[PDB]
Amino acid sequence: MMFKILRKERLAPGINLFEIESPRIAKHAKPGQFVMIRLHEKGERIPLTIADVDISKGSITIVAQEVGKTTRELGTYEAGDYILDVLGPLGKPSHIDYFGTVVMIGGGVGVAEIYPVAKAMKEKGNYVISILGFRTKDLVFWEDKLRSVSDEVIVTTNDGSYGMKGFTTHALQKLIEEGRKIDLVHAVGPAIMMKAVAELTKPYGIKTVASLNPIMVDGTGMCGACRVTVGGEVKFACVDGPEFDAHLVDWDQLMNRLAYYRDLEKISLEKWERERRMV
């Protein structure tokens, strides 16, 4: 069959939460894993992280930021609509060890993505500091939810409209310069943010893991669309990750590859917008 939307919540402008009926995925999903979805028969497959699960309801939760045609179209869906295809849980679960103090860094929709990982880290006994990065105050979401699974939360806005002014990396650099004990940094967000976090921590030798976000098609290892270079070796993020040692990732290659379809992505979005103008 298809996959019923049980609930939709607008968390912030352009940030839409969907609770989806999928008892198989709910039963098996672990923090860090993702799904591929396809909305309808003409659609493309896109990856989205499993931000929460509810085994008692047989549901999973995904949070999709509006960035282009597929996520804008998804943003119009309501409870009782259906997602045609949902494949999961995909990827390797995040590795949850007692590390000591873990700094969890979520940028934008990455704040939803880090929630299950932060929760698992906390349940394993780690001291958890969550740095949340947003562009501006109206995009802030899930502060209380992250606080519920963290020992400390630092909210940043680029423009200083709420919390600490600056980037995620400004908050992290402040912790380092204060001499705070940090045993692991986990980063999830835009590739430019994950690269910046990795470059900040590398001179300090702080173990840093990033959840990579390359282009995906099947999501099961068949094709290499999602390939990355890690420690000089080709890996397929959907099956070998998507989490890797951030200090071994070829960030410039990843960002180059993510830009390949920009012109076609614009054409597709423009067509969808043009064909919805009359009302």
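All residue numbers are counted from 1 along the displayed sequence.
Participant: Where do the C-alpha atoms have the higher mean temperature factor in this entry, in 123-131 or in 81-89?
Facilitator: Averaging CA B-factors over each stretch, the winner is 123-131.
Participant: In the PDB record, does 195-203 or 111-119 carry the higher mean Cα temperature factor?
Facilitator: Comparing 195-203 with 111-119, the higher average CA B-factor belongs to 195-203.
Participant: Highest Cα temperature factor in the entry, among the options 74, 209, 153, 105: which one is it?
Facilitator: Comparing C-alpha B-factors across 74, 209, 153, 105, the maximum falls on 153.
Participant: In this PDB entry, which of 43, 219, 31, 232 has the top CA B-factor?
Facilitator: Highest C-alpha B-factor among the listed residues goes to 232.
Participant: Is residue 52 in the lowest, middle or highest third of its chain when residues are ranked by C-alpha B-factor?
Facilitator: It falls in the middle third of the chain.
Participant: Going by the entry, which third of its chain does the Cα temperature factor of residue 149 land in?
Facilitator: Ranked within chain, residue 149 CA B lands in the highest tercile.
Participant: Can you work out whether the C-alpha temperature factor of residue 261 puts it in the lowest, middle or highest third of the chain?
Facilitator: Ranked within chain, residue 261 CA B lands in the middle tercile.
Participant: Ranking every modelled residue in this chain by its Cα temperature factor as given in the entry, which third contains residue 188?
Facilitator: Ranked within chain, residue 188 CA B lands in the lowest tercile.
Participant: Could you place residue 68 in the lowest, middle or highest third of its chain by Cα temperature factor, using the values in the record?
Facilitator: Within its chain, residue 68 is a middle-third residue by C-alpha B-factor, going by the deposited values.
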